[PDB]
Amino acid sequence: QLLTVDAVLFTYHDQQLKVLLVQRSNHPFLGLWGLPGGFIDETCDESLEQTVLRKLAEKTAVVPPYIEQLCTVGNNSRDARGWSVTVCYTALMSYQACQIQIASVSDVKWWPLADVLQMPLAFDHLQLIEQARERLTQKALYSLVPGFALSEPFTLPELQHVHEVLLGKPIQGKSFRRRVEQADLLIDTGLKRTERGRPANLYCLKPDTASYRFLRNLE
């Protein structure tokens, strides 16, 4: 081993992306903010994914609905002690699902993505986060994967705004709706949610939203 498994976990709340951060309880950089993650445990971990799920669960108490391997970083500069390797994942979950737990804890917090990009973070985690969010931004163009950051069920303009924040620009609502109906990835619950407008349909994500990719990108 000597290897590490980290995760960049995103969610959406307050019309913004937040990212889960954990304050190191060990040297070096004890008390610096970093990504959740840690060493492999061969007694309970049977795959790398099992590890990153365990590290997340140990902080949020829930297994997130979406988890993709992002990349692995390894070199002799990211850590002053020498050669270090991290297998990094990207994940999405809903904010309510775990806000309650992380709040009664001080070494764990949802941070506003936008802020984070200004905080000094452990090792190369800032870069990893940027990489994660870039890849996420890509998925905004050709999947409905961002949906996994919402609570279920959700309205279509909720989903849309999440995409909009990721692309940093508005999206033709009509285009979005067309794509959604076509891709046949949402389950209409028949319920509605009203918030200062016409009541909007509430939908749940079909599982294969994770694997489904659009043939054309948005712009």
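Numbering starts at 1 and follows the sequence shown.
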item: Higher-B stretch (mean Cα B-factor, as the entry records it), 58-66 or 22-30; value: 22-30
item: Which of 93-101 and 121-129 has higher mean CA B factor, as the PDB entry lists it; value: 93-101
item: Candidate residues 5, 8, 2, 218, the one whose C-alpha B factor the record puts highest; value: 2
item: Identity of residue with top Cα B-factor, from 175, 47, 155, 43; value: 43
item: Relative C-alpha B-factor of residue 109, binned into the chain's lowest, middle or highest third; value: middle
item: Record-listed C-alpha B factor of residue 165: chain third; value: middle
item: Chain thirds of CA B-factor: placement of residue 136; value: lowest
item: CA B-factor ranking of residue 51, expressed as a third of its chain; value: middle
item: Lowest, middle or highest third - CA B-factor, residue 77; value: middle
